[PDB]
Structures are given as structure tokens and as C-alpha cells.
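Below: the structure, in C-alpha cells.
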Amino acid sequence: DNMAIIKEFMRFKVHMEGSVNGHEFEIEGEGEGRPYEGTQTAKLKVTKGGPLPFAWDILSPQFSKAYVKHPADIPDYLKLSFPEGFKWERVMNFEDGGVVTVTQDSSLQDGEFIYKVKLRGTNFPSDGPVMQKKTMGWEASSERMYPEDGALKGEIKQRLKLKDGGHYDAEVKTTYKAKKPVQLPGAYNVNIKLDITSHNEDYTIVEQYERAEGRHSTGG
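Residue numbers (PDB author numbering): 3 to 65, 69 to 225.
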């Protein structure tokens, strides 16, 4: 019973090692949430390389897909991957040439999820909204999910709000792969809203909230 080890309240720990335009850094954080209700919070701290000379917003989506609410008739592949867990790898292409690639390992250890993240951001224009910290959070997103080659793929057209109006776009593709074969879903969508709920002045201390819910693309 997977419901025995993924409890209705779960905590996690996360460590990110990263570089953006050559600026290296580390972040440590802890989080908690309700995996079957699709809600979670995280508290992050920059532990090396602070303060970051770029927008926090390009990091926020890398800090948890065990906490997606799923209809009973859509296989919750990433919950089912535990206790072993899963890996994911992501490419974000931003409209002005900026690129973020990410790899991640998710495991379950001593009753908590453990997240290890590696991130490389490159080619952000020095006068662009990321390096000038002109972004103001993500609009709600819809990730289109489908199985392919024994893994779960997700595609998103993500939008960052800009301080002086309008948006800054990214196209995102992620592969999520369980460490053991477990049941893949068909095609469906995940509605996501990620909020920065608090931060200190230089974003070395940040709190996030995320709500995510799977919905049918067909039937239902």
C-alpha cells in the first residue's frame, strides 16, 4: 500500500546546487504539505553565493510532484514510484535566449521526501528581466502530461509577470521517470499555481506555496 508510506501529511528536505550565468550558489530548504490535497509550502535559504544576482523566480519551479492531487482514475505515477522514488530532468527555454536546465532526484528517507537538485542557467541577457530582477512571479500554468518511452513527459507554456507590465515567456519540457516500473497514466493536465508568499529584501530567505491538481483531458 503506497498510501501507507505517502501519508496525508508529508515533509521534505531540498538541496540545490546551481549556477546562473556563471554565478554559483547553493540553497537548502524544508517543506511540508498534503500530497493527496495537492498543496505544499517550502522555506528556502541561500547557503552559498548569496545574495543572488538574478531573479528568484527562475529557481522557484525547481523546489515537488509527489504533492499533486489526482483523480482516482488517473494513475499517480510519481506517488507510486515510492519508496524508491523518481528522477526528473527539465529544459526551460526563455523568449530572450535564456536557458535553464535542471536535473533532480527524489527519494524517501526516514519518513521525509529528499530532493537533490542541480541547475544550470545560461545566456541570460545582462539587461534582461532575469539578471535585472524585474520579474514578479509566475502566472498559473497548465502542464500537459503524456507517457512516452517508459516515462512521464510534461510540457508547459509558462509566463512570468514583469514589474512594468506584460510577461516574460518560457517553454518548458520535463521528463519524470520512476526508479522502478510503475503504472503510467494516459494524457492529462496538471493545473499549477506557485506563489512566493514571503521573502526578505535580497531573497536569501524565501517561502513558497504551491497548489497542483491533475485534471482529465478526455472523458472524466
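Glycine included, C-beta positions come from ideal geometry on N, C-alpha and C.
- Under the three-state reduction of DSSP output, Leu-189 falls in the coil class, being neither helix nor strand.
- Note: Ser-111 is bridge-paired with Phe-91, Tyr-120 in the DSSP secondary-structure output.
- With respect to the 8 Å criterion, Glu-212 and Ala-77 are not classified as neighbours on the basis of their beta carbons.
- Rounded to the nearest whole angstrom, the CA to CA distance from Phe-56 to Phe-99 is 14 Å.
- The C-alpha of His-172 is placed about 26 Å away from the C-alpha of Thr-180.
- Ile-210: member of the beta strand (DSSP E) spanning 210–221, first to last residue.
- Classified as exposed, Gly-191 has fewer than 16 neighbouring CB atoms from the shown chains inside 10 Å of its CB.
- Burial state of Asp-81 is buried, judged by a 10 Å Cβ sphere holding 16 or more other Cβ atoms.
- Looking at the DSSP output, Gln-42 shares a beta bridge with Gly-35, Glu-215.
- Its Cα nearest to that of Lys-138, the residue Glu-206 stands out among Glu-206, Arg-95, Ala-6.
- Spanning the alpha carbons of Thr-140 and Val-96 requires a straight line of approximately 19 Å.
- A distance below 6 Å between beta-carbons, with the five flanking residues on each side excluded, links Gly-102 to the following residues of its chain, in chain order: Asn-128.
- DSSP places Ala-183 inside the beta strand (DSSP E), whose first and last residues are 172–183.
- Between the alpha carbons of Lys-184 and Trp-143 lies a distance of about 30 Å.
- Measuring C-alpha to C-alpha distances from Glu-34 to each of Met-150, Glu-153, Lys-182, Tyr-120 identifies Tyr-120 as the nearest.
- In terms of CA proximity to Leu-165, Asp-59 leads the group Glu-89, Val-104, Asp-59, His-204.
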